[PDB]
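Basis: the model, the stated rules and, where named, an outside source; none is laboratory data. Because the Cβ atoms are built from the backbone with ideal geometry, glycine has one as well, and the counts that use them run over all protein chains shown.
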Amino acid sequence: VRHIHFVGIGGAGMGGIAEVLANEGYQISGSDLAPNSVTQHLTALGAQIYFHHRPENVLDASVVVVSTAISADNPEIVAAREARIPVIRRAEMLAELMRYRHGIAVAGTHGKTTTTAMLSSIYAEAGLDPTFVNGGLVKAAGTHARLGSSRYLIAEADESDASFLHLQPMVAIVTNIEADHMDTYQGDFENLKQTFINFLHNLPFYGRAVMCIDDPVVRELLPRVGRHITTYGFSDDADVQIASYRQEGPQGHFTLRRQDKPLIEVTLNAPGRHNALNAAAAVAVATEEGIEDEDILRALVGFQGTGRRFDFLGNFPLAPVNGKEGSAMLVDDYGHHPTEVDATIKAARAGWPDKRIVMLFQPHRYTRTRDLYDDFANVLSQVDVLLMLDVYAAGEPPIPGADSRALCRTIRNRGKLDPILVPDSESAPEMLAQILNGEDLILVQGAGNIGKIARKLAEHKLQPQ
Ligand SMILES: Nc1ncnc2c1ncn2[C@@H]1O[C@H](COP(=O)(O)O)[C@@H](O)[C@H]1O
């Protein structure tokens with residue numbers, strides 16, 4: 001194999017893979033409508049990137065890799081089949097990187113990316129220079145992915161469209177399994193659970209599963225997993241148990257109980273009980289591998305996190321923003337499921353009890369807003385000040401009653417918060433600027449467009465332009 005071409009090379013997922021393959025010496029080609037930092041970096045490494053989707057782009061390719069976001073109509077794909085050039089999905093290419101490596105695949109509905117980042121830090125510190133492919137930018141490395149010199153591959157495993165079923169790992173983690181909607185058809189959620197079981201059965205017989213016993217669905221699935229399992233959680237029956245948890249600012253402090261080890265004291269550079277869970281998963285894997293406690297503890301105290309995961313972008317003075325004294329703290333989170341938003345709020349609340357929580361939220365998709373409406377209203381009602389942008393459609397047509405204004409009505413009608421509707425993405429900075437007080441903790445929360453707003457708020461220090 002010589003020339004790999006990626007349709008949608010600019011997105012997360014595709015970019016990391018392309019970068020690892022470039023460093024291994026393969027010829028790399030790609031396409032994307034929106035050039036970004038990832039596409040520039042790929043061009044720096046020798047890849048040829050096109051900012052359009054045309055059939056000429058697939059010429060001489062040994063294989064064409066496609067993300068699930070591309071439509072079957074894409075001329076690159078069409079042109080590929082015409083030429084009888086194999087076309088595979090992102091996940092099949094990730095599977096090939098894992099083929100001759102000691103794969104550690106991290107799955108779950110929430111926490112996958114963070115847990116993958118925590119494992120990568122531990123293995124790097126232990127001098128095991130791992131190859132890794134993560135769904136978020138690993139801040140310690142400045143990238144989503146890196147080629148390592150060892151046989152290890154640490155990677156996030158995506159359950160969407162059962163992509164993770166192509167992976168053949170040696171170790172697999174399941175952080176939790178939660179529905180993001182009610183069953184459209186009888187057995188919808190049961191089907192999803194079965195794919196996780198099928199994923200774990202991709203482990204060889206001598207392989208290992210690390211599962212969160214605190215998650216009700218994961219606990220219920222244990223008996224059906226015919227593989228060696230190591231459980232973790234605050235639960236009393238956990239193989240790796242968290243206890244004496246307390247949060248101090250951005251840091252978590254707790255003990256971990258493991259078999260044939262005395263209690264260890266951990267200081268984690270990430271906030272919240274949910275990050276303690278993610279860390280426990282990582283430590284469980286690290287311990288079965290034989291990594292020393294000093295390497296583990298140093299990795300966790302120094303953890304640098306991932307882009308857009310409770311990402312502190314700065315404390316900025318308000319005088320030039322709205323003429324008030326003091327400063328405001330800017331935190332960026334991509335969390336989009338009500339569980340994710342709630343965990344972020346809890347971390348901010350527990351970490352900085354005296355700060356006022358100001359959230360700028362952008363719901364992602366009408367289907368999801370409609371499906372988890374009640375949960376969004378309950379979770380969003382917990383902040384002190386709420387600003388809401390219009391639902392990020394992600395290609396979907398609107399659903400009446402499942403929009404930001406409706407959600408704002410439901411929350412306001414409870415008589416505690418008076419949410420602020422932000423009619424524009426361009427108006428967000430001004431409307432935020434106007435209500436900021438000293439000692440505010442701002443959560444720019446959401447998976448779509450809001451990511452750019454966060455970046456710009458940081459670049460301009462909260463000053464409207
Ligand atoms: N173990 C967990 N359980 C629930 N939510 C989590 C967990 N870990 C991270 N999160 C939330 O999910 C988002 C990040 O997840 P991820 O990108 O998968 O690490 C953030 O909003 C976190 O608040």
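Filter region 5-37 for residues that are crowded, with 19+ Cβ neighbours inside 10 Å, touching a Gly at 6+ places or on another chain (Cβ under 9 Å) and part of a strand (DSSP E or B) and give the result.
Residues satisfying the conditions are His5, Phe6, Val7, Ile28, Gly30, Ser31.
Do any residues in region 330-352 that are assigned by CATH to the domain that holds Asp371 and within 15 Å of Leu313 (Cα to Cα) have Cβ atoms under 7 Å from those of residues that are part of a helix (DSSP H, G or I) and near the ligand (Cβ under 7 Å from one of its atoms), where the two are at least six apart or on different chains, and which pairs are they?
Going by the 7 Å Cβ cut-off, the qualifying pairs are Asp333/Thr344.
Does region 86-95 contain at least one residue that is surrounded by fewer than 20 Cβ atoms within 10 Å (Cβ to Cβ) and assigned to a loop (DSSP other than H, G, I, E, B)?
The answer is yes; a qualifying residue exists.
Within region 259-269, identify whether any single residue is away from the ligand (no atom under 16 Å from the Cβ), surrounded by fewer than 17 Cβ atoms within 10 Å (Cβ to Cβ) and in a helix (DSSP H, G or I), and answer yes or no.
no
Got a number for residues in region 270-302 being hydrophobic (A, V, I, L, M, F, W, C) and either free of Cβ contacts under 8 Å to residues at least 40 places away in the same chain or within 12 Å of the ligand (Cβ to nearest atom) (or both)? Break it down stepwise before answering.
From region 270-302, those hydrophobic (A, V, I, L, M, F, W, C) are 270, 276-277, 279-286, 291, 296-297, 299-301; that's our starting set.
Subset that is either free of Cβ contacts under 8 Å to residues at least 40 places away in the same chain or within 12 Å of the ligand (Cβ to nearest atom) (or both): 270, 276-277, 279-282, 297, 301.
Counting residues in region 270-302 that are hydrophobic (A, V, I, L, M, F, W, C) and either free of Cβ contacts under 8 Å to residues at least 40 places away in the same chain or within 12 Å of the ligand (Cβ to nearest atom) (or both) gives 9.
Just for region 338-350: of the residues that are more than 6 Å from the ligand (Cβ to nearest atom) and either acidic (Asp, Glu) or touching a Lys or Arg at 6+ places or on another chain (Cβ under 8 Å) (or both), which one is farthest from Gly111 (Cα to Cα)?
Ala348
State all residues of region 136-156 that are more than 15 Å from the chain's Cα centre (by Cα) and either outside the structural domain of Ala124 (by CATH) or closer than 23 Å to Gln40 by Cα (or both); if no residue qualifies, say none.
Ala140, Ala141, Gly142, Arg146, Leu147, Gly148
Every residue in region 142-156 that is of a type outside the set (S, T, N, Q) and either out of contact with any strand residue (DSSP E or B) (no Cβ under 8 Å at 6 or more places or on another chain) or within 11 Å of the ligand (Cβ to nearest atom) (or both), please. Working first, answer last.
If we filter region 142-156 for residues that are of a type outside the set (S, T, N, Q), which is where we start, we get 142, 144-148, 151-156.
Scanning region 142-156 gives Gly142, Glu156.
Kindly list the number of the only condition in (1) in contact with a helix residue (DSSP H, G or I) (Cβ under 8 Å, 6 or more places away or on another chain); (2) under 30 Å from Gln168 (Cα atoms) that fails for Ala284.
Result: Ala284 passes all but (1).
Can you name the residue in region 101-119 that is in contact with a strand residue (DSSP E or B) (Cβ under 8 Å, 6 or more places away or on another chain) and assigned to a helix (DSSP H, G or I) and is also farthest from the ligand (Cβ to nearest atom) among such residues?
Of everything passing the filter in region 101-119, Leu119 is farthest from the ligand (Cβ to nearest atom).
Just need a number here: residues in region 303-314 that are on the phi < 0 side of the Ramachandran plot and away from the ligand (no atom under 15 Å from the Cβ). Can you show your working first?
At the first step, the residues of region 303-314 found to be on the phi < 0 side of the Ramachandran plot are 303-304, 306-307, 309, 311-313.
Then keep just the ones that are away from the ligand (no atom under 15 Å from the Cβ); that gives 313.
Count: 1.
Can you go through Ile122, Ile154 and tell me which one is touching a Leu at 6+ places or on another chain (Cβ under 9 Å), touching a residue at least 24 places away in the same chain (Cβ under 8 Å), buried (at least 23 other Cβ atoms within 10 Å of the Cβ) and not in a helix (DSSP H, G or I)? Lay out the reasoning, then the answer.
Details: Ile122 fails: not in a helix (DSSP H, G or I).
Going through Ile122, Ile154 in turn, just one is touching a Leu at 6+ places or on another chain (Cβ under 9 Å), touching a residue at least 24 places away in the same chain (Cβ under 8 Å), buried (at least 23 other Cβ atoms within 10 Å of the Cβ) and not in a helix (DSSP H, G or I): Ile154.
Filter region 200-240 for residues that are part of a helix (DSSP H, G or I) and more than 16 Å from the ligand (Cβ to nearest atom) and give the result.
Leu200, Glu220, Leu221, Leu222, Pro223, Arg224
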